[PDB]
Structures are given as C-alpha cells and as structure tokens.
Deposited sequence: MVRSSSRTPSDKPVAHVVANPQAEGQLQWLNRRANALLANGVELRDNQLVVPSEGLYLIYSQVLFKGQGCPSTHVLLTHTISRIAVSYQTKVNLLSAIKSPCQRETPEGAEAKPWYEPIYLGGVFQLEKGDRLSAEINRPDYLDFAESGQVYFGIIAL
C-alpha cells in the first residue's frame, strides 16, 4: 500500500450558490493525512504535490451580458490569512446573444509545507453544473 498523502474531493450538488467540497461520497477520498477543514485541503507534510481541479460551467442561453467565469486554486501558508494564487483561469463564454458549456481545468506541481490550506474557488457558482457525476472536483497527490 501507499503512505503518500492524496486527496480527491467532489462538489456537493446541493450547496446553494457555492462550491462546497466533499470526501464522504463514492469515488472521492482523503488519505494518509490530508484533511478537509473549512472547505480547504490541509497539507499534512512538506513536499511536492500535484494540485488539480476542474469545474464545469453551463448557461442555458447566452445571457444578456458579457459574463466572466473564473476558477482559482489558492494556497494559504500555515500563518497566512488569505489566498496566494497557484493556478487561475478566466473564460468569457458569451461573445454575443442554445445552452453553452465551459469547463475549466487547472493543474500543476507545487512545493507545499506542513499545515498549508488549499482552496479551489469560482466566482459564479450560479453557473455550476452537477447534472452528471465527476464534473466538479479538486485533489492533491504528494510525489
């Protein structure tokens, strides 16, 4: 077996106007020290980690406004109070004004320390999509 800290949390299809992460679901886990505290993954030990996250946005008809969709994975060091962007993307789904779909996939390898908190956050949770399993997730893998 592997003693490697790993985590794969999935979005709750019933957290009104927010992106709430869960481990107590099928095909989602927290293992070898990784904790999910206040919607954030707590790094159990210093090392290199693969951080990833995907969100799927969907909008029934192109809204009557230019819409900005952001997805950001942040790092809050043990002492820090707020985010420090690790990976971030911003997409404009609506050029003009049929349902649109926009997935955002962030991933990279980062050096993390003992007790750092990682958060995957979006600006528009009103456009999230949970109509199918495995479309919205956040995870980490120690190398």
property	result
Ranges of the deposited sequence (numbered from 1) for which no C-alpha atom is modelled	1 to 8, 106 to 112
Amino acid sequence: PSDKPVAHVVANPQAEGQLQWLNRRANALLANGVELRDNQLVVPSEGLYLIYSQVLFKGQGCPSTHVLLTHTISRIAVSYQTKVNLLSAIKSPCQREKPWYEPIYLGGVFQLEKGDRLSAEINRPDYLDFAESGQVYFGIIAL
From here on, numbers count along this sequence of modelled residues.
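Rigid core here is just the name for the largest C-alpha set that superposes within 1.5 Å across the two forms.
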item	value
Between 16 to 24 and 115 to 123, larger RMS Cα displacement in 6 other deposited structures of this protein after core fit	16 to 24
Divergent stretch in 6 other deposited structures of this protein, 71 to 79 or 45 to 53 [C-alpha RMS, superposed by the core]	71 to 79
Residue gap status of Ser88, at least a third of other entries	no
Unresolved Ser64 in a third or more of other entries flanked by modelled residues	yes
Mean Cα B-factor comparison, 62 to 70 or 102 to 110, giving the higher one as deposited	62 to 70
Candidate set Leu86, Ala89, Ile51, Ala77 [ranked by C-alpha B-factor, highest]	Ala77
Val43 CA temperature factor, ranked by third within the chain	middle
Among modelled residues of the same chain, the CA temperature factor third for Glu16	highest
Within-chain third of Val55 by Cα B-factor, per the entry	lowest
For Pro1, the third of its chain into which the C-alpha B factor falls	highest
